[PDB]
2 protein chains.
Amino acid sequence: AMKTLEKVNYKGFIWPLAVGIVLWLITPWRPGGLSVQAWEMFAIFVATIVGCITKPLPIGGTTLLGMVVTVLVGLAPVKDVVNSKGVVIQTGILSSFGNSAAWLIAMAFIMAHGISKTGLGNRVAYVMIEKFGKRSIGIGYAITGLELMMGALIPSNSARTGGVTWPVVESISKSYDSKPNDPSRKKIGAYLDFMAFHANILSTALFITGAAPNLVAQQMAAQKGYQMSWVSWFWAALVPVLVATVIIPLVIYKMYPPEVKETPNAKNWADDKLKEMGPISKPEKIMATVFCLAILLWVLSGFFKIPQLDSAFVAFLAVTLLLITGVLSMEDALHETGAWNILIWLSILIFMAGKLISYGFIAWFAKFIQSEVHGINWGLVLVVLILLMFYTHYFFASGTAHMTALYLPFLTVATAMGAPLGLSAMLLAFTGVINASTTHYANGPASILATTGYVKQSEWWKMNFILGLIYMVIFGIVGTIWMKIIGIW
Amino acid sequence: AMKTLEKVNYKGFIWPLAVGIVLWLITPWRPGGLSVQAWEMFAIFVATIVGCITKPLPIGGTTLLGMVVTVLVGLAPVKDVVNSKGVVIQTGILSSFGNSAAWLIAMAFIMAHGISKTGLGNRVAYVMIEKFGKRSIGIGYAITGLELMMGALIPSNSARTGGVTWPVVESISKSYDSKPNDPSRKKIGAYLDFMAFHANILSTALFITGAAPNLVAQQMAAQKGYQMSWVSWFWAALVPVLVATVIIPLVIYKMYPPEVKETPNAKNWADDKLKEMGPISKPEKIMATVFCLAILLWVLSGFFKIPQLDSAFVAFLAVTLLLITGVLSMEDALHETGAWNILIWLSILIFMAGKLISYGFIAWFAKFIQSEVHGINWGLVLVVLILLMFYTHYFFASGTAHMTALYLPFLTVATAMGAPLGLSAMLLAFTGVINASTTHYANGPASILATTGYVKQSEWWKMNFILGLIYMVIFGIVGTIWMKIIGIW
Ligand SMILES: CCCCCCCCCC
Ligand SMILES: CCCCCCCCCC
Ligand SMILES: CCCCCCCC
Ligand SMILES: CCCCCCCC
Ligand SMILES: CCCCCC
Ligand SMILES: CCCCCC
Ligand SMILES: CCCCCC
Ligand SMILES: CCCCCC
Ligand SMILES: CCCCCC
Ligand SMILES: CCCCCC
């Protein structure tokens, strides 16, 4: 029985529309050489992001609205058009939910629900609190150390974050009575959420097998005459990564402290809680077995590139195992809105960015940068290239397409302005990695951690812009000095 | 806090596995000319269906398990492989959720949730009970008459069923206290569910614009030298369709009666309820406006083939309107499991059938029938062709691909055995239409109505096999006589 409407934030519709309209009106006075469709899709993308920020019609609704408008203006069809030879020349909005990252994240959310249900997450949280609970900064450093250990085995960051780290964070934040979407989020939750995101960044940066973009950069460099290698990457990133490991947590604890900084009796507290919870149970045993097996498959995926191990089918496998095994009912899975909400909005944003690249925007930016910076010494050229490869990820969501589109061109530019090949390659790779510290759609982990509710998006973007300045500083300066020490240039 | 597992129907895993295994072992002794991959995918398809029937791991879980097994045995990848020229030679499991019918059905479920929320559905139910409540068979006949009126305007059956009919049925069944998944389903619910499905069949059969398969048959016939036309179809189907309209409801009321057959005071009851509900409200007004506008767009889709009117983007549009308007919160949409469950299992089944056609099974069946029936008179040939085009839909889910694959070959066969072109064409079209009375995945409407819970699947398949015999009898015999009266042959 319904009487009145639901409260909507019509105020938030002011900024987006305005922006879009403005850019639309600017269409005729566009930079030139740019397709009008591209500029219109760009305006729509910007307005959609502004809506995600201002938060009218939560991310799901505003992204749905953006996709709808994209459909109305004729910028994107619904059914994949064909070239009469079988090729797809324009993908539709429905050919957007067939994305791997989205379904992976969703199934990982489901697995985490199963964890929290069987009681395993609480156990792990009370354990890591027994051992690191004192000085919650210790908790942050434990999770970042865990992520760093895992980066060497699991080559899909989204997995480490949604299947391993995020459950830990949720369990701990539940044990400290820090529930999201409340003022009690700032107790300890947001600290761990943000630290986990940035630790995932560090892990991705330390190991060449931290994600697909790194392999893409490896392939492209080898295409331009320079062979990366697991040991080279590690030996070049070890130092800057440690410097970041030491600085980042400190600046975060100074800028975003958890209101609960000391639990001096956490040891006896956790021991009492573990004694009350009783011994380990059968469903907990089964869920642990499944989690370990899925971890094993995600690892095997790094050495054997096989469809049976795509890092998403593995999640489908683990969840159907939870179903056949009884620990998880299908009704429990059809619940857990987070999965489907992510599916929706992440897939839509990725599709919009794909249309942004297909219509010729990013290619024009590459060509413009190629044609603009001519008479400068290779150092300032490297500086500008890095800054651009950083602040361009605001127009991307994959992390892979960004490199696929802008690595080889930037590398060619640098090598043409005298810059040495190895330095340029590794710097641009580290930059393509640390892009993540911009947005909530940069990569999977950000989409997971910046929307769960522990962190408002405004704080996210601010702190991430700052930490991005810091990441650029560290990597550029120090990693350059270090790659000079060992003979990378 | 979890202690014990959830109760699973491990018994239901007996039949499927067994079946699959058997067929797998039969692989080497297959009919010949058939790809081994095809036979294995066929076994997996059959086992998945047997699981859907026996109902272990409800449809979602068993279909997930089937997709997983399909992935493990190397019959389907996860990411669309490419031909080095851009073409897709094998689609993956993730390129299965980009289906129009599934997302359409889901968004229609969402719209229906909004309806039931604002109180509009109850209003409509009490109205149609004031006017037809007596002799609930009257209710069945009102909904079938409604569907018949709509078939002329809305060329997507899934829409008529999930956006219009199914909400009516749910509202009425709620007003009579017939809740699904309970013994109180047989009060009036199942009767209306089944009658609505079969009325959708009749509407699809009466008008050439009842669905895409009819247009496909029109195109293919015109390809083989015979021009269908809206008036020809209607004048040839009017009589058999009326005979079915008169027989079907009767055999259903005799075979599946609603335990509540008379509400002699339904008029005063409904009037009292409408007076208590109060006047019409603002959100009800808005929801009605949106429903009417979506109906309008679905209609316009029949004359202008335009991406802005794909009959699914329209549903996205209506639901985002409900969101921006306040009648519907995104949390309400992320709920309503039915949508996502349908998405999952329908998309998976459609993908499996697509792999069944791609690997060369259906083509082999067509070739075999072409090479087998040679020395028979055109009448018995027509009979066999019709029976096959009926009992083949058990190996399909689209309704469109079935015709796209088996219409022109069957038509060529018939025309080669002497049969006249117009008769063969129209008969095979009517048969491709009435296929729906087999399964729960035949077309959208069946997937909607046979899984909501008002009807067990066993009863569904049984009664639909019977009514399929009856549909074949009616159409073949009587429609043949009628098309002979008017000069179709
Ligand atoms: C919160 C207001 C955000 C407006 C930013 C508009 C900047 C558009 C840059 C392209
Ligand atoms: C309920 C048992 C169902 C068994 C059906 C087996 C049919 C196989 C057809 C190929
Ligand atoms: C249950 C794990 C499946 C791994 C597939 C490997 C097949 C060669
Ligand atoms: C909602 C329908 C808009 C279609 C506009 C097409 C104008 C040529
Ligand atoms: C041009 C208007 C865009 C609105 C996107 C929410
Ligand atoms: C305020 C953030 C705007 C982002 C533009 C892409
Ligand atoms: C390029 C846009 C950067 C804005 C960061 C808040
Ligand atoms: C070969 C066995 C398949 C079982 C599918 C549920
Ligand atoms: C595919 C045919 C299986 C149906 C079982 C009744
Ligand atoms: C292929 C025919 C199956 C029928 C089961 C009712």
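Analysis parameters
- Residues numbered from 1 in each chain as written, not as in the entry; some residues may be left out.
- Chains lettered and ligands numbered in written order.
- Heavy atoms only, no water.
- Helix = DSSP H or I, 4+ residues; strand = E, 2+ residues; numbered from the N terminus.
- Rg over C-alpha atoms; globule rule 2.2 N^0.38 Å.
- Buried < 20%, exposed > 50% of the residue type's maximum accessible area, 1.4 Å probe, protein only.
- Areas by Shrake-Rupley, 256 points an atom, 1.4 Å probe, with all protein chains shown as cover.
- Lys, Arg positive; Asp, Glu negative; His and termini not counted.
- Charge placed at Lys NZ, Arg CZ, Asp CG, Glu CD.
- Contact = heavy atoms within 4.5 Å.
- Domains from an automatic or database assignment.
- Buried area = accessible area lost by both parts, 1.4 Å probe.
- Salt bridge = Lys/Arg side-chain N within 4 Å of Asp/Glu carboxyl O.
- Polar contact = N/O pair within 3.5 Å; in protein donor to acceptor, adjacent residues only side chain to side chain.
- Core = buried A, V, L, I, M, F, W, Y, C linked by side-chain atoms within 4.5 Å.
- Least-squares fit on C-alpha atoms.
- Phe/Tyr/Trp six-rings, centres within 6.5 Å; stacked < 30°, edge-to-face > 60°.
- Axes fitted to C-alpha atoms, helices over the stretch in contact; angles between N-to-C directions.
- Parallel < 35°, antiparallel > 145°, perpendicular 65-115°, else oblique.
- Left-handed = near helix turned anticlockwise from the far one by under 90°.
- Nonpolar A, V, L, I, M, F, W, Y, C, P; charged D, E, K, R; others polar.
- Patch = residues over 30% accessible without salt bridge, like charges linked within 9 Å, V, L, I, M, F, W, Y side chains within 5 Å.
- Expected span 1.5 Å × (residues − 1).
- Arc of directions from axis to C-beta.

Trainee: Break down the overall build of chain A for me, citing the residues and quoting the values.
Mentor: From N to C terminus, chain A includes 21 helices and 0 strands. Against the 2.2 N^0.38 benchmark of 23 Å for 489 residues, chain A shows a C-alpha radius of gyration of 23 Å, consistent with a compact globule. Counting only C-alpha atoms and orienting by the principal axes, one finds that chain A spans roughly 70 × 65 × 45 Å. Going through the 489 residues of chain A one by one, you find that 57% of them count as buried. Accessible surface for chain A amounts to roughly 18700 Å². Of this, 67% is attributable to carbon and sulfur atoms. Averaging the coordinates of the 32 positive side-chain charges in chain A and doing the same for the 21 negative ones gives two points 6 Å apart.

Trainee: Lay out the side chain of B:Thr480 with the relevant residues and their values.
Mentor: Residue and element names in this part refer to chain B. Within the secondary structure, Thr480 is located in helix α21 (residues 457-486). You can call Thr480 buried: its relative accessible area is 17%. Residues in contact with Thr480, not counting those within four places in the same chain, are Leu423, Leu427, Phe475 and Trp489.

Trainee: Summarise the domain arrangement of chain A; cite the residues concerned and give the values.
Mentor: Residue and element names in this part refer to chain A. Domain annotation of chain A identifies domain 1 (7-75), domain 2 (100-336) and domain 3 (354-486). The C-alpha-based centres of domain 2 and domain 3 are spaced at 25 Å. Contacts between the two partners involve 54 residues from domain 2, matched on the other side by 47 residues from domain 3. Note on domain 2 versus domain 3: buried area summed over both sides is about 4400 Å², and carbon and sulfur give 80% of it. Of all residues in domain 2, the largest losses of buried area upon contact with domain 3 belong to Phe194, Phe197 and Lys224, amounting jointly to 15% of the total for that side. Among the salt bridges present, the one from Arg185 reaches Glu459, with a minimum N-O distance of 2.7 Å.

Trainee: Give a detailed account of the interface of chain B and chain A, specifying residues and quantitative values.
Mentor: If you look at the interface, chain B gives 55 residues, while chain A gives 55 residues. Counting every contact that joins chain B to chain A gives 2 salt bridges. As a salt-bridge pair, A:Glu6 and B:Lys117 come within 3.6 Å of each other at their nearest N and O atoms. Counting every contact that joins chain B to chain A gives 7 residue pairs in polar contact. Mapped by element, the contributors of at least two residues to the side of chain B that touches chain A are α3 (59-72), α4 (100-118), α12 (282-300), α13 (313-325), α14 (330-334) and α15 (337-358) of chain B.

Trainee: Give a detailed account of the nonpolar core, specifying residues and quantitative values.
Mentor: If you look at the biggest cluster of nonpolar residues, it comprises 344 residues, and the most contacted ones within it are A:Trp103, A:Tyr407, B:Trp103 and B:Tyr407. Setting aside its immediate chain neighbours within four residues, B:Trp103 contacts A:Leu94, A:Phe97, A:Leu343, A:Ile344, B:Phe97, B:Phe316, B:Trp340 and B:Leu343.

Trainee: Provide a residue-level description of the relation of the copies chain B and chain A, including the pertinent values.
Mentor: Think of it as a corkscrew move, a rotation about one axis and a shift along it, taking one chain copy to the other. At an RMSD of 0.0 Å, chain B and chain A line up after a rotation of 180° and a shift of 0.0 Å along the axis. Taken together, these values place the two copies in the relation of a two-fold axis. Of every C-alpha in chain B, the one belonging to B:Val87 sits nearest the axis of rotation, 2.6 Å from it. Of the interface residues in chain B, 100% have counterparts in chain A that sit at the interface too, so the contact is made through matching surfaces.

Trainee: With reference to specific residues and values, describe the packing of aromatic side chains.
Mentor: Residues and elements named next belong to chain A. With the rule as written, the count across this model stands at 55 aromatic pairs over all chains. Pairing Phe42 with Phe361 gives two aromatic rings, centres 4.9 Å apart and planes at 5°, and the pair type is stacked. With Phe42 in helix α2 (residues 36-54) and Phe361 in helix α16 (residues 361-372), the pair connects residues that are 319 residues apart, well separated along the chain. Judged by relative accessible area, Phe42 falls into the buried class, the value being 10%.

Trainee: Can you break down the environment of A:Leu427 residue by residue, with the values?
Mentor: The residue A:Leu427 is located in helix α19 (residues 421-434) in this model. Residues A:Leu427 and A:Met483 lie 56 residues apart in sequence; the distance between their C-alpha atoms is 9.8 Å.

Trainee: Can you explain the packing of helix α4 (residues 100-118) of chain A against helix α15 (residues 337-358) of chain A? Please cite residues and give values.
Mentor: All names here are of chain A. Packing of α4 against α15 leaves a shortest axis separation of 8 Å and a crossing angle of 165°. Comparing the axis directions of α4 and α15 gives the class roughly antiparallel. α4 and α15 meet at a crossing whose hand is right-handed. Residue-level inspection shows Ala102, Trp103, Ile105, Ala106 and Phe109 of α4 in contact with α15, the latter providing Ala339, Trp340, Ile342, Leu343, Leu346 and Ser347. Residues belonging to the contact of α4 with α15 are distributed by class as follows: 10 nonpolar, 1 polar and no charged.

Trainee: So, unusual backbone geometry: which residues are in play, and what are the values?
Mentor: Residue and element names in this part refer to chain B. Non-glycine residue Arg135 carries a positive phi angle of around 60°. Along the chain, the position of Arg135 falls in the loop between α5 (120-132) and α6 (137-151). Residue classification places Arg135 among the partly exposed positions, given a relative accessible area of 47%. Here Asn181, not a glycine, exhibits a phi torsion of approximately 55°, which is positive. You can see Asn181 is positioned in the loop between α7 (157-175) and α8 (189-206).

Trainee: For the packing of helix α9 (residues 212-223) of chain B against helix α18 (residues 400-416) of chain B, give the residues involved together with the corresponding values.
Mentor: The axes of two packed helices give the description: the angle between them and the distance between them. All names here are of chain B. Running from amino to carboxyl end, α9 crosses α18 at an angle of 20°, the nearest separation of the two axes being 9 Å. When the interaxial angle is binned, α9 and α18 end up roughly parallel. Considering the relative orientation of α9 and α18, their crossing is right-handed. Seen from α9, the contacting residues are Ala212, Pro213, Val216, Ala217, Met220, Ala221 and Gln223; seen from α18, they are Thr400, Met403, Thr404, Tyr407 and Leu408.

Trainee: Mind laying out a nonpolar patch on the surface, listing which residues take part and the relevant values?
Mentor: Residues and elements named next belong to chain A. Together, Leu17, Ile21, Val22, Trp24, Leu25, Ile26, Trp29, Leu72 and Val73 make up an exposed nonpolar region whose accessible area comes to about 910 Å². When residues in the nonpolar patch are grouped by element, the largest group, 6 residues, is from helix α1 (residues 14-26). Residue position: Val73 is located in the loop between α3 (59-72) and α4. Overall, the relative accessible area of 34% leaves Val73 in the partly exposed class.

Trainee: Describe the pattern of salt bridges, with residues and values.
Mentor: Under the definition given, this model contains 10 salt bridges over all chains. B:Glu284 is paired through a salt bridge with B:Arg123; the nearest N and O atoms lie 2.8 Å apart. Of this pair, B:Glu284 sits in helix α12 while B:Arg123 sits in helix α5, placing them 161 residues apart in sequence. For the pair shown, B:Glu284 and B:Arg123 are each scored as buried. Taken together, the salt bridges that share partners define one network made up of A:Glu6, B:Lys117 and B:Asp332.

Trainee: How would you summarise α9(B) if you had to cite specific residues and measurements?
Mentor: Since one α-helical turn is 3.6 residues long, residues separated by three or four positions face the same way. Residues and elements named next belong to chain B. Taking 1.5 Å of rise per residue, 12 residues should cover 16 Å, and α9 covers 16 Å from first to last C-alpha, within 8% of that figure. Burial in α9 covers these residues: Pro213, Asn214, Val216, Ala217, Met220 and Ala221. Axial view of α9: buried residues confined to an arc of 155°, hence all on one face. In α9, those exposed residues whose orientation departs by more than 90 degrees from the buried face are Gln219 and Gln223. In this structure, the buried side of α9 is in contact with α8, α10 (230-255), α18 and α19 (421-434). Positive backbone phi, at 85°, marks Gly225, one or two positions downstream of α9.

Trainee: With reference to specific residues and values, describe the environment of B:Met255.
Mentor: Residues and elements named next belong to chain B. Structurally, the position occupied by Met255 is in helix α10. Placed 64 residues apart in sequence, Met255 and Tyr191 show a C-alpha to C-alpha distance of 9.9 Å. Ignoring any residue separated from it by four or fewer positions in sequence, one finds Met255 in contact with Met463 and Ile466.

Trainee: Account for helix α18 (residues 400-416) of chain A, with residues named and values stated.
Mentor: All names here are of chain A. The first and last C-alpha atoms of α18 sit 24 Å apart over 17 residues, in line with the 24 Å expected at 1.5 Å per residue. Elements in contact with the buried residues of α18: α9 (212-223), α16, α17 (378-391) and α19. Just downstream of α18 lies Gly418, where phi reads positive at about 100°.

Trainee: Residues and numbers for the side chain of B:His393, please.
Mentor: Checked against the element boundaries, B:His393 lands in the loop between α17 (378-391) and α18. Sequence-distant contacts of B:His393, defined by excluding residues within four places in its chain, comprise B:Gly399, B:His402, B:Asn435, B:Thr438, B:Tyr441 and B:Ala442.

Trainee: So what's going on with the environment of A:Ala401? Which residues, and what values?
Mentor: Residues and elements named next belong to chain A. Within the secondary structure, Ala401 sits in helix α18. For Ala401, a relative accessible area of 28% translates into the label partly exposed. When the C-alpha atoms of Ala401 and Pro213 are compared, they prove to be 8.1 Å apart, with 188 residues separating the residues in sequence.

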